[PDB]
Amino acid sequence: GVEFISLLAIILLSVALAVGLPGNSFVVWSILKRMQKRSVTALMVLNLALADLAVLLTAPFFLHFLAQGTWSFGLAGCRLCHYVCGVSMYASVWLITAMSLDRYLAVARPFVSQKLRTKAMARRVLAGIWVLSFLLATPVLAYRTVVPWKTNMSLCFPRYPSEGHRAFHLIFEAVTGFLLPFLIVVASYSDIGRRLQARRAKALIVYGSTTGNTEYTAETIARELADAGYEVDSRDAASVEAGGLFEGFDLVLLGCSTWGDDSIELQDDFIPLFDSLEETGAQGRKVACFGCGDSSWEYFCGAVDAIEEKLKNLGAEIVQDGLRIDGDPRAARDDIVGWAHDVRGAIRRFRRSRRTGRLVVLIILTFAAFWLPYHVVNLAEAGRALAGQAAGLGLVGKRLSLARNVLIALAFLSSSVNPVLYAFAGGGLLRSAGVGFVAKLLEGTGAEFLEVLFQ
């Protein structure tokens, strides 16, 4: 029902008040009072808490409205309470946009981030975001009014001069209060993620086996590589053409056994490849050889030596010494899957930074979870009002206008998810990564604790 929807509203505003006001203000006290040094990150956390705290200080007024069913605080109260809510929206969305822009700058131009990430630049953008927020929410101070409707029942309702004004306000609120700032956020984090990304590695394993021993070693190093995130291509040397064979593979592993009667001869299937190994494109390519033999013969795995000699003479970068298996290969399986490990580490790409901003993407995602649905029903009510002129009713509008009343209560809830996220990510991982390591950070003024939470 319509009052059943309001039942969800009073609890959502109340639970947000219960989790928000203690949490957000505990954050503020531990920055003003506890931290004698307000760092750039702490200044951002403080303002994000101040924004969330202000909107929660008006929820009690909107509880009295839901309870008594009428507004008893006057025109100025209905004006002010909605104005400090609007600035809390525009501030929180541009402050998280700032955090995302500070992170892109830190990875894109590290010298410029080091140059401009000062407490002065912080206080300038913070005060700048605040001034920008106040003048973007002023339209609410004129579109809100207390109008008596039904007996002893007054509504703090948004009255517009026309549906064109209602449509402009809603699309302006949607664009300046979400679409435009979050478009800057997604572009930042897409570029941050487009840098760390890396195509999956491709490896080629061409083997020449007559009795199946080399085929076993090829298949075991193929399984070793594949389990480490490789795209292995295992081919018998009797079904391959030398022309452009290696083209496309970051790593090439050639295996072959020795088969000379009174000599060092190559395996039958491998001989045609070897004689045309120049057409493979081995020049400047990462390669490592393997193969089986028998120590009883005068030249143990002479095939591996001859192949490695040609690859070297063709300009190939031999990354590991040849894997020379004596006798039954499965009898030495660890030496095989261990040789494949060292080959990977010999060409392994640089270890990407293990400090990924999981906390800020949590703050951004949660903020997006509550405000994206609120701003699309704004756009949906605006698209209707721009032509259909429906408001508070309709066919889908009967469900849209009810959807706004639910998302409004959820908006008060978004103001209480940042402090729990601070503690959620903090205790969940730092305490789980050394309880003693945490105290050493907290023993100081407290600035190093916050910076470690934000990675």
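In this text, residue numbers run from 1 along the sequence as written.
In this crystal structure, the stretch out of 119-127 and 151-159 whose C-alpha atoms carry the higher mean B factor is 151-159. Higher mean CA temperature factor between 440-448 and 8-16: 440-448, per the PDB entry. Among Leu407, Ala390, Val55, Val45, the highest C-alpha B-factor in the deposited entry belongs to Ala390. Sort the chain's modelled residues by C-alpha temperature factor and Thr97 lands in the lowest third, per the entry. Split the chain's modelled residues into thirds by C-alpha temperature factor. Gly193 is in the middle one.
Per the PDB record, residue ranking by Cα B-factor puts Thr280 in the middle third of the chain. For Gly255, the recorded CA B-factor ranks within the lowest third of the chain. Only modelled residues enter the ranking.
Placement of the Cα temperature factor of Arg333 within the chain: middle third of the modelled residues, per the deposited record.
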